[PDB]
Number of protein chains: 2
Amino acid sequence: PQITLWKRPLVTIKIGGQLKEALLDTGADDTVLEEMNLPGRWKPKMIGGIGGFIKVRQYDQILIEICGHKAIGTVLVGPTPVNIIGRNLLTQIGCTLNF
Amino acid sequence: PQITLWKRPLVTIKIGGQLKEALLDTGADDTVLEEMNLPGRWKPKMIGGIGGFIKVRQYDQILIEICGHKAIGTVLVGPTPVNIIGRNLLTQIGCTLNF
Ligand SMILES: COC(=O)N[C@H](C(=O)N[C@@H](Cc1ccccc1)[C@@H](O)C[C@H](Cc1ccccc1)NC(=O)O[C@H]1CO[C@H]2OCC[C@H]21)C(C)(C)C
């Protein structure tokens with residue numbers, strides 16, 4: 001579909017068996033989800049934005065479905081105020097910017 | 001144009017007559033540029049992102065040309081790690097997400 005930018009581009013995602021709302025973010029290198037209890041091994045990571053860095057848990061080869069489009073990649077979990085879908089997964093769903 | 005996301009969507013902007021590189025950022029409500037001298041009146045503000053809040057100078061009704069497309073709107077100037085073009089201006093240049 002086509003998503004205009006008058007409002008935050010929030011869409012429904014499916015991850016770890018749960019439905020969530022997430023922001024499609026061309027300004028994010030990584031995908032970062034609000035605190036949730038995913039199984040498996042993880043590695044610590046620090047990610048940086050406006051204001052500074054937060055500590056997150058890095059999970060690899062995680063399946064996320066974004067508006068019916070499936071993607072598999074690295075998913076970070078930590079104290080973000082918003083679920084963010086970053087470029088690592090947006091490329092997998094064929095998402096482009098157009099003007 | 002159509003822009004894929006395997007790299008950061010950086011573009012050249014012109015503001016205050018000066019050229020700069022900026023990130024097309026659908027995850028930002030607002031446009032935030034690195035410290036610079038801009039002509040016009042400004043008001044102090046704060047803006048928050050991942051990591052926390054920073055202090056910025058809000059300039060309203062500023063002319064800015066984004067990859068050959070003109071916009072006139074609000075620009076926040078402060079110690080952001082990257083120049084980001086947010087949805088307030090992305091909408092003015094007709095930018096959408098598509099997949
Ligand atoms: C390599 O570094 C990255 O990829 N970092 C990513 C990152 O922070 N990306 C932001 C742009 C960016 C890139 C690189 C350095 C600094 C800033 C942006 O795309 C998403 C955030 C999300 C948000 C956070 C809090 C509250 C609401 C929304 N938005 C934002 O900060 O927006 C500001 C400006 O507008 C306002 O609206 C929202 C808040 C205000 C990562 C992976 C941490 C998400």
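A, B, ... follow the sequence lines: proteins, then strands. Residue 1 opens every chain. Hydrogens, waters and symmetry mates play no part in the numbers below; they use all other heavy atoms, side chains included. In each ligand, atom 1 is the first atom listed, and ligand 1 is the first ligand listed.
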Asker: Tell me, do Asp30(B) and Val56(B) make a side-chain contact under 4.5 Å, heavy atoms counted?
Answerer: no
Asker: Just which atoms of ligand 1 are under 4.0 Å from any heavy atom in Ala28(B)?
Answerer: 32 (O), 34 (C), 35 (O), 37 (O)
Asker: Show me which atoms of ligand 1 lie under 4.0 Å from any heavy atom of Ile47(B).
Answerer: 36 (C), 40 (C)
Asker: Is there a side-chain contact between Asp29(B) and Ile47(B) in this structure, where contact means two heavy atoms from C-beta onward sitting under 4.5 Å apart?
Answerer: no
Asker: Considering only non-hydrogen protein atoms, determine which one is nearest to atom 36 (C) of ligand 1 and report residue, atom name and distance to 0.1 Å.
Answerer: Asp29(B) N, 3.5 Å
Asker: Around atom CD of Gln61(B), are there more than 12 heavy atoms of other residues, nucleotides or ligands at under 6.0 Å?
Answerer: no
Asker: With a 4.5 Å cut-off on side-chain heavy atoms, are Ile85(B) and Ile93(B) touching?
Answerer: no
Asker: Using distance alone, determine whether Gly27(B) and ligand 1 share an N or O pair under 3.5 Å.
Answerer: yes
Asker: How far is atom 14 (C) of ligand 1 from its nearest protein heavy atom, and which residue and atom name does that atom have?
Answerer: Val82(B) CG2, 4.1 Å
Asker: Heavy atom under 4.0 Å from ligand 1: found in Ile84(A)'s side chain, backbone, both, or neither?
Answerer: side chain
Asker: With a cut-off of 3.5 Å and sequence neighbours excluded, list every side-chain donor-acceptor pair involving residues 68-83 of chain B.
Answerer:
unit_1: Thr74(B); atom_1: OG1; unit_2: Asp60(B); atom_2: OD1; d: 2.9
unit_1: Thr80(B); atom_1: OG1; unit_2: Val82(B); atom_2: N; d: 3.4
unit_1: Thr80(B); atom_1: OG1; unit_2: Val82(B); atom_2: O; d: 2.8
unit_1: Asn83(B); atom_1: OD1; unit_2: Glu34(B); atom_2: N; d: 2.7
unit_1: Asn83(B); atom_1: ND2; unit_2: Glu21(B); atom_2: O; d: 2.9

Asker: Counting only heavy atoms not in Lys20(A), do more than 12 sit closer than 6.0 Å to its NZ atom?
Answerer: yes
Asker: Hey, is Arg8(B) touching ligand 1 through its side chain, its backbone, both or neither, going by heavy atoms under 4.0 Å?
Answerer: side chain
Asker: Report yes or no: does a heavy atom of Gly48(A) sit under 4.0 Å from some atom of ligand 1?
Answerer: yes
Asker: Does some non-hydrogen atom of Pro81(B) fall short of 4.0 Å from ligand 1?
Answerer: yes
Asker: Can a non-hydrogen atom of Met46(A) be found less than 4.0 Å from any atom of ligand 1?
Answerer: no
Asker: Are the side chain of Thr96(A) and the backbone N or O of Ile3(B) linked by a donor-acceptor pair below 3.5 Å?
Answerer: no
Asker: Which bit of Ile54(A) gets closer than 4.0 Å to ligand 1, counting heavy atoms only: side chain, backbone, both or neither?
Answerer: neither
Asker: In terms of atom number and element, which parts of ligand 1 are under 4.0 angstrom from non-hydrogen atoms of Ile50(A)?
Answerer: 16 (C), 17 (C)
Asker: Side chain or backbone, does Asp25(B) bring an N or O within less than 3.5 Å of an N or O on ligand 1?
Answerer: yes
Asker: May I ask you to list the atoms of ligand 1 that are less than 4.0 angstrom from any heavy atom of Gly49(B)?
Answerer: 24 (C), 25 (C), 31 (O)
Asker: Is there a chain of hydrophobic side chains (I, L, V, M, F, W, Y, each step under 4.5 Å between heavy atoms) that links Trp42(B) to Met36(B)?
Answerer: yes
Asker: Would you check, one step at a time, whether the test side chain to side chain contact (heavy atoms under 4.5 Å, CB included) holds for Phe99(B) with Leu24(A)?
Answerer: CA-CA 11 Å; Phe99(B) 57 96; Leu24(A) 308 176; 4.0 Å; yes
